[PDB]
Amino acid sequence: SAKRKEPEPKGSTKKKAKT
Amino acid sequence: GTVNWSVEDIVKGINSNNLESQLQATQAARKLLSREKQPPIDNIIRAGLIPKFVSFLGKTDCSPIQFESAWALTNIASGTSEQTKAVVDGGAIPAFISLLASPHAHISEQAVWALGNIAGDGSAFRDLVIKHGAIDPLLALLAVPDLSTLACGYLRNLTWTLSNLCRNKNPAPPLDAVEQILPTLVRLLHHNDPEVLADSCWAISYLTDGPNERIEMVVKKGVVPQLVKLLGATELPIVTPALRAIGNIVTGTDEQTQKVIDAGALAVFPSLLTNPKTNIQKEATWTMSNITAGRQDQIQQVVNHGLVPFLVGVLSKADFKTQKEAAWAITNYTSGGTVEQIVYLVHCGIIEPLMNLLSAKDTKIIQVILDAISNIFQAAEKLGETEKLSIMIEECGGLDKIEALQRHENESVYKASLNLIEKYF
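Residues numbered from 1 in each chain as written, not as in the entry; some residues may be left out. Chains lettered and ligands numbered in written order. Heavy atoms only, no water. Residues with missing side-chain atoms left out of burial classes, pairs and counts.

- Structure determination for this PDB entry is given in the record as X-ray crystallography, at a resolution of 2.38 Å.

- Per the PDB entry, the recorded name for chain B is Importin subunit alpha-2, and the organism is Mus musculus.
- Per the PDB header, the title for this entry is "Structural basis of nuclear import of Flap endonuclease 1 (FEN1)".

Written as structure tokens, this is what we have:
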């Protein structure tokens, strides 16, 4: 399997303050 | 009014035996905790205020104090792990779960927001939220005939929170939580708001990141066409997670991979591969690399779509990290391709940009490229054409680069580059 599975972690905002 | 209080005043008020004084003091705490320049989260924690706020969550008789506490706790939980942990240690999880049922939408939404921040801390809190039973009442909030009748900011917060409940990998969320959430996530993926779509793609991207069993449960919901459609979106915040998710799927089995191909994905790649956002190019090229690691007939679809010149282009000119992914896509393609596919690759111009890259200070790219050379020679051998290939490598300055690599301070580079000269030069 030449598949490479582990990409650089990436996402939406983890945590968010209100205003 | 409640603007600009000291923490000791907020403490004085919260310790009064007066619900209204407590209310004023909590709102004051909330306004401190709402400023961008260093809100005094640690000061509030150090003062002992969390357990008091958490108990205000339960004051059904006082809706405004429920809301100001929710908001204050939200902002605390939004901080470091240590700050989020303080909220959780205050008992805030069940209390926020109870507020999901509030008749006040602004309060219910604040509870959603807080739970998002707690799950966003990582695996353990995500899993702790799920054990408390957040998922059911979260999903019951989205159990409406038409999502469009929900307030938009509210829908966005639900979507984002559910996405944090799908996030993180060591361990991945519970299988049965994923099964419970997926149907609703499929629905949100057809909603017309850009943020809801972005955060639904993020959630799918989290869920397709890991073992092929996890890819399977997503692909089984039949989302791949909707993913591919979003991959064509004009909004970069939607394309980025749609591409990550598509890319995660093609790391899976040949059959899982074929599903994105059958969905039309490869028609979007001429523009993804030339995207002016350097991160979309990187990700698209990595994606191409796992498709070129597929079956011969999958490789053939890369050919038919006119994608090999795009791979030549990226290998020629791209940020270095994108070139690295391109080098992989070529190594994969040359290792699983028919001889005719590999001849085709050479006719498009692969050799010269592959050689230019042998000047890179990056042990790994060199290995990947020498491997591709060897694979291409192996196809040239089968046709009595190695000499014709040696001349091209010679003419573009590739021999100087392979010769220089013998005395390379790396066991793998030296062996394979001496081996190439032994056999071919």
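## A look at the overall build of chain B
Okay, so step 1: Counting its regular elements, chain B contains 28 helices and zero strands.
Okay, so step 2: The C-alpha atoms of chain B give a radius of gyration of 28 Å, which is well past the 22 Å a tight globule of 425 residues would have.
Okay, so step 3: With the C-alpha coordinates aligned to their principal axes, the bounding extent of chain B is approximately 95 × 50 × 35 Å.
Okay, so step 4: Taking contacts inside chain B between residues at least 6 apart in sequence as the whole, the part at least 24 apart equals 68%. (Helix = DSSP H or I, 4+ residues; strand = E, 2+ residues; numbered from the N terminus. Rg over C-alpha atoms; globule rule 2.2 N^0.38 Å. Contact = heavy atoms within 4.5 Å.)

## Topic: the pattern of salt bridges
Side-chain pairs of opposite charge can arise where the charged atoms are in close proximity.
Okay, so step 1: Within this structure, the stated rule accounts for 13 salt bridges over all chains.
Okay, so step 2: We note a salt bridge from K282(B) to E8(A), for which the minimum N-O separation is 3.1 Å.
Okay, so step 3: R244(B) is the salt-bridge partner of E283(B), the closest N and O atoms lying 2.7 Å from each other. Taken together, the residues span a long stretch of sequence, with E283(B) in helix α19 (residues 278-292) and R244(B) in helix α16 (residues 236-249) at a distance of 39 residues. In this structure, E283(B) and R244(B) share a single accessibility class: buried.
Okay, so step 4: Residues joined by salt bridges that share partners form a network here, namely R156(B), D193(B) and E195(B). (Salt bridge = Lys/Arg side-chain N within 4 Å of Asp/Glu carboxyl O. Buried < 20%, exposed > 50% of the residue type's maximum accessible area, 1.4 Å probe, protein only.)

## Quick notes on empty space enclosed by the protein
If a probe the size of a water molecule is rolled over the atoms, the empty space left behind becomes visible.
All names here are of chain B.
Okay, so step 1: By volume, the largest cavity is sized at about 50 Å³.
Okay, so step 2: Surrounding the largest cavity, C166, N168, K169, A172, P173, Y206, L207, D209 and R214 form its lining.
Okay, so step 3: Looking at the lining of the largest cavity residue by residue, the class counts come to five nonpolar, one polar and three charged. (1 Å grid on protein atoms, 1.4 Å probe; cavity = no way out; pocket = protein on both sides within 12 Å on 5 of 7 lines; lining within 4 Å. Points joined across faces, edges and corners; volume = space filled by probe spheres on them. Nonpolar A, V, L, I, M, F, W, Y, C, P; charged D, E, K, R; others polar.)

## Comments concerning the packing of helix α22 (residues 320-336) of chain B against helix α25 (residues 363-381) of chain B
Residues and elements named next belong to chain B.
Okay, so step 1: Two elements in contact, α22 and α25, have axes separated by 9 Å at closest approach and are oriented at 30°. Judged by the inter-axis angle, α22 sits roughly parallel to α25. Relative to α25, α22 is oriented so that their crossing is left-handed. Together, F320, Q323, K324, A327, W328, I330, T331, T334 and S335 of α22 and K364, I365, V368, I369, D371, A372, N375 and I376 of α25 make up the contact between the two elements. (Axes fitted to C-alpha atoms, helices over the stretch in contact; angles between N-to-C directions. Parallel < 35°, antiparallel > 145°, perpendicular 65-115°, else oblique. Left-handed = near helix turned anticlockwise from the far one by under 90°.)

## Considerations on the packing of helix α12 (residues 175-188) of chain B against helix α14 (residues 212-219) of chain B
Residues and elements named next belong to chain B.
Okay, so step 1: Their axes nearest at 11 Å, the elements α12 and α14 cross at an angle of 20°. With respect to α14, the element α12 is oriented roughly parallel. Crossing angle aside, the handedness with which α12 passes α14 is right-handed. Between α12, through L175, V178, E179 and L182, and α14, the contact on the second element is made entirely by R214, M217 and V218.

## Considerations on the nonpolar core
Residue and element names in this part refer to chain B.
Okay, so step 1: Grouped together as the largest cluster of nonpolar side chains are 151 residues, with contacts concentrated most on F53, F96 and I118.
Okay, so step 2: Broken down by element, this core gets its largest block of residues, eleven residues, from α25.
Okay, so step 3: Beyond its immediate chain neighbours, meaning those up to four positions away, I118 contacts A77, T84, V87, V88, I93, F96, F125, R126 and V129. (Core = buried A, V, L, I, M, F, W, Y, C linked by side-chain atoms within 4.5 Å.)

## Notes on unusual backbone geometry
Residues and elements named next belong to chain B.
Okay, so step 1: That bond from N170 to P171 is cis: its omega, 5°, falls within 30 degrees of zero.
Okay, so step 2: Here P171 lies in the loop between α11 (152-164) and α12.
Okay, so step 3: The backbone of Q38 sits at a positive phi, close to 25°, despite the residue not being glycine.
Okay, so step 4: The topology assignment puts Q38 in the loop between α2 (19-33) and α3 (41-46).

## What to know about the interface of chain A and chain B
Okay, so step 1: Every contact between the two is made by 18 residues of chain A and, on the other side, 49 residues of chain B.
Okay, so step 2: Summing the contributions of chain A and of chain B, the shared interface buries around 2,600 Å²; its carbon and sulfur component is 45%.
Okay, so step 3: Sorting the residues of chain A by area buried against chain B places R4(A), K15(A) and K18(A) first, and these three jointly supply 30% of that buried surface.
Okay, so step 4: Run the count over chain A and chain B and you get four salt bridges.
Okay, so step 5: A salt bridge links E6(A) to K169(B); its shortest N-O distance comes to 3.6 Å.
Okay, so step 6: Put simply, chain A and chain B have 25 residue pairs in polar contact between them.
Okay, so step 7: Grouping the amino acids of the side of chain A that touches chain B by side-chain chemistry returns four nonpolar, four polar and ten charged. (Buried area = accessible area lost by both parts, 1.4 Å probe. Polar contact = N/O pair within 3.5 Å; in protein donor to acceptor, adjacent residues only side chain to side chain.)

## A few points about the side chain of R167(B)
Okay, so step 1: Among the structural elements, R167(B) can be located in the loop between α11 and α12.
Okay, so step 2: Buried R167(B), no salt bridge; nearest opposite-charge side chain is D199(B), N-O distance 7.6 Å.
Okay, so step 3: From its side chain, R167(B) meets the backbone oxygen of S12(A) in a polar contact 3.0 Å long.
Okay, so step 4: Apart from the residues lying within four places of it in its own chain, the contact partners of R167(B) are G11(A), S12(A), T13(A), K14(A), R126(B), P173(B) and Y206(B). (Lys, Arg positive; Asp, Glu negative; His and termini not counted.)

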